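Raw entry-v6.cif, mmCIF, C-alpha atoms and all ligand atoms:
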```cif
data_run
#
loop_
_atom_site.label_atom_id
_atom_site.label_comp_id
_atom_site.auth_asym_id
_atom_site.auth_seq_id
_atom_site.Cartn_x
_atom_site.Cartn_y
_atom_site.Cartn_z
CA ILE A 4 -104.31 -134.44 -92.05
CA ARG A 5 -102.11 -134.94 -95.07
CA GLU A 6 -102.07 -133.22 -98.46
CA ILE A 7 -103.53 -135.20 -101.38
CA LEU A 8 -101.16 -135.34 -104.37
CA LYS A 9 -102.62 -134.29 -107.71
CA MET A 10 -102.31 -135.91 -111.14
CA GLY A 11 -99.09 -134.97 -112.73
CA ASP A 12 -97.02 -135.56 -109.55
CA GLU A 13 -94.37 -138.17 -110.23
CA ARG A 14 -95.04 -139.91 -106.90
CA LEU A 15 -98.48 -141.09 -108.12
CA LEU A 16 -96.62 -142.81 -110.97
CA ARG A 17 -94.23 -145.04 -108.99
CA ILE A 18 -94.76 -148.79 -108.17
CA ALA A 19 -95.16 -148.89 -104.36
CA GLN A 20 -92.93 -150.84 -101.97
CA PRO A 21 -94.46 -153.51 -99.72
CA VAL A 22 -95.04 -152.77 -96.02
CA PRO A 23 -92.04 -154.43 -94.30
CA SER A 24 -92.79 -157.12 -91.74
CA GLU A 25 -90.96 -154.93 -89.20
CA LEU A 26 -93.86 -152.41 -89.36
CA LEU A 27 -96.75 -154.86 -88.92
CA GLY A 28 -98.37 -154.29 -85.54
CA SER A 29 -96.29 -151.14 -84.98
CA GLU A 30 -97.39 -147.81 -83.52
CA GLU A 31 -95.83 -146.04 -86.50
CA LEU A 32 -98.04 -147.92 -89.00
CA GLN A 33 -101.06 -147.24 -86.82
CA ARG A 34 -100.37 -143.51 -86.86
CA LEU A 35 -100.11 -143.51 -90.68
CA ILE A 36 -103.42 -145.35 -90.78
CA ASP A 37 -105.09 -142.78 -88.49
CA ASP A 38 -103.74 -139.99 -90.65
CA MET A 39 -105.17 -141.65 -93.79
CA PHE A 40 -108.69 -142.09 -92.33
CA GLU A 41 -108.58 -138.47 -91.09
CA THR A 42 -107.58 -137.23 -94.57
CA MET A 43 -110.14 -139.40 -96.40
CA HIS A 44 -112.98 -138.40 -94.04
CA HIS A 45 -112.08 -134.62 -94.39
CA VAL A 46 -112.29 -134.59 -98.20
CA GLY A 47 -115.27 -137.04 -98.40
CA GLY A 48 -113.42 -139.99 -100.08
CA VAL A 49 -114.50 -143.62 -100.07
CA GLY A 50 -110.88 -144.80 -100.41
CA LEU A 51 -107.33 -143.67 -100.19
CA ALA A 52 -104.02 -145.14 -101.03
CA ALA A 53 -100.70 -144.33 -99.25
CA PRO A 54 -98.95 -142.92 -102.36
CA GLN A 55 -101.67 -140.26 -102.67
CA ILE A 56 -100.30 -138.65 -99.47
CA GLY A 57 -96.73 -139.35 -100.56
CA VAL A 58 -95.99 -142.46 -98.56
CA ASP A 59 -94.40 -145.12 -100.79
CA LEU A 60 -96.12 -148.20 -99.36
CA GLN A 61 -98.57 -150.82 -100.46
CA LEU A 62 -101.27 -149.70 -98.18
CA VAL A 63 -104.89 -148.75 -98.83
CA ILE A 64 -107.94 -147.86 -96.91
CA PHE A 65 -111.53 -147.81 -97.94
CA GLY A 66 -115.06 -148.07 -96.78
CA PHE A 67 -118.32 -146.17 -96.33
CA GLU A 68 -121.65 -146.20 -94.47
CA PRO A 77 -123.81 -149.90 -101.58
CA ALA A 78 -122.18 -150.44 -98.14
CA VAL A 79 -118.42 -151.27 -97.94
CA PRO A 80 -116.79 -152.17 -94.64
CA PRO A 81 -113.97 -150.00 -93.31
CA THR A 82 -110.86 -151.85 -94.29
CA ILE A 83 -107.16 -151.45 -94.19
CA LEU A 84 -105.36 -153.58 -96.75
CA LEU A 85 -101.61 -154.08 -96.98
CA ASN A 86 -99.56 -155.85 -99.64
CA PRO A 87 -102.53 -156.74 -101.74
CA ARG A 88 -103.00 -159.24 -104.51
CA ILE A 89 -106.16 -159.18 -106.68
CA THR A 90 -107.41 -162.12 -108.71
CA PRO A 91 -110.24 -161.77 -111.18
CA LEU A 92 -112.86 -164.49 -110.52
CA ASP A 93 -114.32 -164.54 -114.10
CA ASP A 94 -114.28 -162.49 -117.40
CA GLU A 95 -117.28 -160.38 -116.71
CA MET A 96 -116.52 -156.66 -116.96
CA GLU A 97 -118.77 -153.76 -115.84
CA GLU A 98 -118.74 -150.00 -116.55
CA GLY A 99 -119.21 -147.55 -113.75
CA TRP A 100 -118.48 -143.90 -112.96
CA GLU A 101 -115.29 -143.09 -111.03
CA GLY A 102 -113.65 -139.99 -109.72
CA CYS A 103 -110.50 -139.63 -107.66
CA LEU A 104 -109.25 -137.29 -104.97
CA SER A 105 -106.09 -136.87 -107.07
CA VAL A 106 -108.04 -135.84 -110.18
CA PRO A 107 -110.36 -133.14 -108.79
CA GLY A 108 -113.27 -131.88 -110.93
CA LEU A 109 -113.46 -134.90 -113.30
CA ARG A 110 -115.45 -138.05 -113.65
CA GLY A 111 -114.98 -140.98 -116.10
CA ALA A 112 -116.65 -144.30 -116.90
CA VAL A 113 -114.30 -147.21 -116.42
CA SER A 114 -114.71 -150.87 -117.21
CA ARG A 115 -113.51 -153.15 -114.33
CA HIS A 116 -113.91 -156.80 -113.36
CA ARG A 117 -117.23 -157.54 -111.76
CA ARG A 118 -115.95 -160.15 -109.34
CA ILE A 119 -112.57 -160.41 -107.64
CA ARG A 120 -110.85 -162.11 -104.90
CA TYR A 121 -108.52 -159.93 -102.88
CA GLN A 122 -105.97 -160.92 -100.41
CA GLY A 123 -103.30 -159.21 -98.31
CA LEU A 124 -102.56 -158.37 -94.67
CA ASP A 125 -104.34 -156.37 -92.04
CA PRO A 126 -102.31 -153.91 -89.98
CA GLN A 127 -101.46 -156.49 -87.36
CA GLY A 128 -100.16 -158.98 -90.09
CA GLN A 129 -103.31 -161.23 -90.12
CA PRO A 130 -104.24 -162.49 -93.62
CA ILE A 131 -107.24 -161.04 -95.46
CA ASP A 132 -109.00 -163.12 -98.11
CA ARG A 133 -112.36 -161.96 -99.53
CA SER A 134 -114.41 -162.42 -102.73
CA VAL A 135 -116.54 -159.45 -103.61
CA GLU A 136 -118.62 -158.02 -106.40
CA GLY A 137 -119.82 -154.75 -108.03
CA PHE A 138 -119.07 -151.60 -106.08
CA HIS A 139 -116.83 -153.23 -103.42
CA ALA A 140 -114.73 -154.91 -106.19
CA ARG A 141 -114.59 -151.59 -108.08
CA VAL A 142 -113.25 -149.70 -105.04
CA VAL A 143 -110.52 -152.30 -104.39
CA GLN A 144 -109.43 -152.28 -108.00
CA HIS A 145 -109.28 -148.47 -108.11
CA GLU A 146 -107.20 -148.33 -104.90
CA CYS A 147 -104.86 -151.11 -105.88
CA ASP A 148 -104.22 -149.34 -109.17
CA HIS A 149 -102.62 -146.49 -107.16
CA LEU A 150 -100.02 -148.95 -105.90
CA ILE A 151 -98.91 -149.73 -109.45
CA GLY A 152 -98.90 -146.09 -110.54
CA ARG A 153 -102.21 -146.21 -112.49
CA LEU A 154 -104.84 -143.55 -112.31
CA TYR A 155 -108.35 -144.07 -113.77
CA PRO A 156 -107.87 -141.94 -116.89
CA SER A 157 -105.17 -144.50 -118.05
CA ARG A 158 -107.89 -147.16 -117.76
CA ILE A 159 -110.68 -145.37 -119.73
CA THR A 160 -111.76 -146.88 -123.03
CA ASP A 161 -114.87 -144.75 -123.75
CA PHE A 162 -113.70 -141.12 -123.84
CA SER A 163 -117.25 -139.97 -124.59
CA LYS A 164 -117.83 -140.61 -120.91
CA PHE A 165 -114.85 -138.60 -119.51
CA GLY A 166 -115.52 -134.99 -118.52
CA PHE A 167 -115.77 -132.33 -115.85
CA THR A 168 -118.19 -133.08 -112.96
CA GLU A 169 -119.66 -129.60 -113.17
CA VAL A 170 -120.46 -130.22 -116.89
CA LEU A 171 -121.58 -133.86 -116.64
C1 LIG B 201 -115.69 -145.83 -107.14
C2 LIG B 201 -114.38 -145.26 -107.59
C3 LIG B 201 -113.41 -145.34 -106.43
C4 LIG B 201 -113.46 -144.02 -105.71
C5 LIG B 201 -112.26 -143.77 -104.81
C6 LIG B 201 -112.06 -142.25 -104.67
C7 LIG B 201 -111.11 -141.87 -103.56
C8 LIG B 201 -109.66 -141.93 -104.00
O1 LIG B 201 -108.99 -140.92 -104.19
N1 LIG B 201 -109.16 -143.16 -104.05
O2 LIG B 201 -107.83 -143.38 -104.12
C9 LIG B 201 -113.36 -141.60 -104.30
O3 LIG B 201 -113.78 -141.65 -103.15
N2 LIG B 201 -114.02 -141.02 -105.28
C10 LIG B 201 -115.37 -140.52 -105.12
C11 LIG B 201 -116.23 -141.28 -106.13
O4 LIG B 201 -115.72 -141.66 -107.18
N3 LIG B 201 -117.51 -141.57 -105.82
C12 LIG B 201 -118.39 -140.97 -104.80
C13 LIG B 201 -119.21 -142.16 -104.31
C14 LIG B 201 -119.12 -143.21 -105.41
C15 LIG B 201 -118.24 -142.65 -106.53
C16 LIG B 201 -119.11 -142.07 -107.67
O5 LIG B 201 -118.32 -141.52 -108.74
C17 LIG B 201 -115.36 -138.96 -105.16
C18 LIG B 201 -113.96 -138.32 -105.04
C19 LIG B 201 -116.03 -138.39 -106.39
NI NI B 202 -108.13 -142.47 -106.71
#
```
As C-alpha cells, how would this structure be written, given the file I've shared?
Amino acid sequence: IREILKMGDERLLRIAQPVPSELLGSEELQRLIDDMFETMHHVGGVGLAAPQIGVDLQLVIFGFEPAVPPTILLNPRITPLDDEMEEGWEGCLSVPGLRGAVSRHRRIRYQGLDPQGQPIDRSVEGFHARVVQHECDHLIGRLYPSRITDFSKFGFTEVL
C-alpha cells in the first residue's frame, strides 16, 4: 500500500515523465503496478495515476466490476473523436470530501502501451472516456477542480 497525495502537494502539479523502454516488461514495473492496484482497491477508487502515490511516471490504472475493464496504461495519448461534451460528477482520491460536475469529451480514442510494451488503441464513450480523461489529467498536473466551469455544482459530498 502507498499513501495517496492530497491536493496542495507540489508533486500532483508536475508534468510526468514517460515510462522508459528499459522498464517495459520488468519486474520493477510490475511491482509498482501491484502496489497501485492494492492502493486503489483499499480506498475504493476506480482509477489511480502514478503521481498520486508520488511516482513521477506516465502510468495509470483503472477499472471496475457502467463496467470498465481493468487496464494499465502507459505513455498515453488521447484524441477527442468529435466536439460533443458531457457533464458528469467526479471526485478524486486526492481531493477527499468533495464532488464536482465536470464537462469532458463524450468520445475519445486512447492509445499507449501496456506493461509489456504492447500497443493499446481503443475508442470509448461516456463513463469509460471520462475515467481515462480524469486519469490522464493527473499526468499533466491537472486536478478536476481546475477543469470545473459550473461552480454551482462543486461542493462537499456530505452536503451534496
Ligand atoms: C469518474 C471520475 C474519475 C474517478 C477517479 C477517482 C480515483 C482517482 O483518484 N483517480 O485518479 C475515483 O475513483 N473517484 C470516485 C468517483 O468519482 N466515483 C465513484 C464511482 C463513480 C464516480 C462518481 O462520482 C470516488 C473517489 C468518489
Ligand atoms: Ni483523481
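If one restricts the calculation to only C-alpha atoms and all ligand atoms, the set of residues situated within 6 Å of ligand NI 202 (chain B) consists of residues 103, 104 and 105 of chain A.
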Centre, edges in Å (one decimal): axis-aligned box, ligand LIG 201 (chain B), 5 Å padding on all six sides, as AutoDock Vina command-line options:
```
--center_x -113.5 --center_y -142.1 --center_z -105.9 --size_x 21.4 --size_y 17.5 --size_z 15.6
```
*Shell of 9 Å around ligand LIG 201 (chain B) (all atoms listed in the file), written as number ranges by chain*: A: 7, 43, 46-53, 55, 63-65, 67, 99-112, 138-139, 141-149, 154-155, 168
*Smallest atom-to-atom distance to residue 31 (chain A): which of A:151, A:54, A:166, A:126, using only C-alpha atoms?*
A:126
*Just how far from CA of residue 26 (chain A) is CA of residue 14 (chain A), in Å to one decimal?*
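That distance, rounded to one decimal, is 21.6 Å.
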*By how many Å are CA of residue 132 (chain A) and CA of residue 25 (chain A) apart?*
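Calculated distance between CA of residue 132 (chain A) and CA of residue 25 (chain A) is 21.7 Å.
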*Could you tell me how far CA of residue 128 (chain A) lies from CA of residue 21 (chain A), in Å and to one decimal?*
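So the two atoms, CA of residue 128 (chain A) and CA of residue 21 (chain A), lie 12.5 Å apart.
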*Using all atoms listed in the file, which residue out of A:135, A:122, A:37, A:98 lies closest to residue 86 (chain A)?*
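Looking only at the distances to residue 86 (chain A), the closest residue turns out to be A:122.
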*Pick out the closest residue to residue 19 (chain A) from this set: A:129, A:61, A:33, A:42. Count only C-alpha atoms.*
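Checking each candidate against residue 19 (chain A), we get A:61 as the closest.
For residue 131 (chain A), the list of residues within 8 Å, based on all atoms listed in the file and with local chain neighbours fewer than 6 positions off taken out, reads residues 84, 121, 122, 123, 124 and 125 of chain A.
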Those selected residues, please, written with C-alpha atoms and delivered as a PDB file, keeping the file's coordinate frame.
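Dumped everything to selection08.pdb:
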```pdb
ATOM      1  CA  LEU A  84    -105.360-153.580 -96.750  1.00  0.00           C
ATOM      2  CA  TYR A 121    -108.520-159.930-102.880  1.00  0.00           C
ATOM      3  CA  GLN A 122    -105.970-160.920-100.410  1.00  0.00           C
ATOM      4  CA  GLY A 123    -103.300-159.210 -98.310  1.00  0.00           C
ATOM      5  CA  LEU A 124    -102.560-158.370 -94.670  1.00  0.00           C
ATOM      6  CA  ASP A 125    -104.340-156.370 -92.040  1.00  0.00           C
TER       7      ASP A 125
END
```
*Determine the nearest neighbour of residue 93 (chain A) from the options A:27, A:62, A:119, A:113, counting all atoms listed in the file.*
A:119
*With all atoms listed in the file as the basis for distance, which of A:164, A:120, A:45, A:153 is at the shortest distance from residue 17 (chain A)?*
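Selected residue with least distance to residue 17 (chain A): A:153.
Of the listed residues A:136, A:94, A:41, A:30, the one whose atoms come nearest to residue 6 (chain A) is A:41, with distances taken using only C-alpha atoms.
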